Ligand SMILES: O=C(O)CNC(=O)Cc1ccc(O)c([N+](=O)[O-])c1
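This document starts with one chain, in the form solved without the named molecule, laid out as structure tokens.
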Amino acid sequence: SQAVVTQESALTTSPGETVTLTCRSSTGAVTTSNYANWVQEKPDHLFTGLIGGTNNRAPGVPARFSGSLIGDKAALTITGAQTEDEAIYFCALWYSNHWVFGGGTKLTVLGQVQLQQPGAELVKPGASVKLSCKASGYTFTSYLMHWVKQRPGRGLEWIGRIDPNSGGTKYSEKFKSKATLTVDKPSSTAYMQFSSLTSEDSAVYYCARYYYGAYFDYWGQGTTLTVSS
């Protein structure tokens, strides 16, 4: 009975306005123990972490983004929206040992660290695949590495994370019997393996780093997995 996290499907603003987006938990009030995070998806499937820990803004994010709790929901406020803020915003809530993403809000505005993932994998139905995510420009073992699935009109789905320092894993209920997460420390690379693939697995798979109590700041560009004969 995984929690369901709900966001507004779509909101419209205009440049210079202030707008707030919310994130609701099916279990009850969102609290600071849910460590709410907000992530932005810009066109070309480019993800950036904006806020974590309810209200901690990630370095380099414009100051017009802020997080809070309002009405027993997590809330992202954009103060003075800019045209380039037109994007899909996803929240994520922590439930003791897993993250759950909301469905995302499409915001219309009317008017160096790298995670390196291969662009694509074309595989046959029934086959296996091993996806890779190479960390560069930071200390691989100091951040958890998360993996996230995106299918169109299906929002983000948390798969799980690995602690590269220890190899320890945590998975979502949906992926606890599907994904196998490993790391190779000398090459600073995280891996995710699947077998018995089907068209239900066709999606973009992202890796994203996370530091305890902080935020999903940096994301890979995603590997498009296409399961097709």
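Start at 1 and count along the sequence shown; that's the residue number.
Same protein, other form: the form solved in complex with the named molecule, not shown, and the subject of what follows.
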Are any of the heavy atoms in residue 65 no more than 4.5 Å from a heavy atom of the named molecule in the deposited complex? no
Quick check on residue 218: any heavy atom within 4.5 Å of the named molecule in the deposited complex? no
With heavy atoms only and a cut-off of 4.5 Å, decide whether residue 170 touches the named molecule in the deposited complex. yes
Decide whether residue 144 counts as a contact residue for the named molecule in the deposited complex under a heavy atom distance cut-off of 4.5 Å. yes
Considering 191, 175, 194, 35, which brings a non-hydrogen atom within 4.5 Å of the named molecule in the deposited complex? 35
I need the one stretch from 71-79, 147-155, 124-132, 92-100 whose residues put non-hydrogen atoms within 4.5 angstroms of the named molecule in the deposited complex. 92-100
If we check the named molecule in the deposited complex, which of the residues in 197-225 reach within 4.5 angstroms of it by a non-hydrogen atom? 210, 212, 213
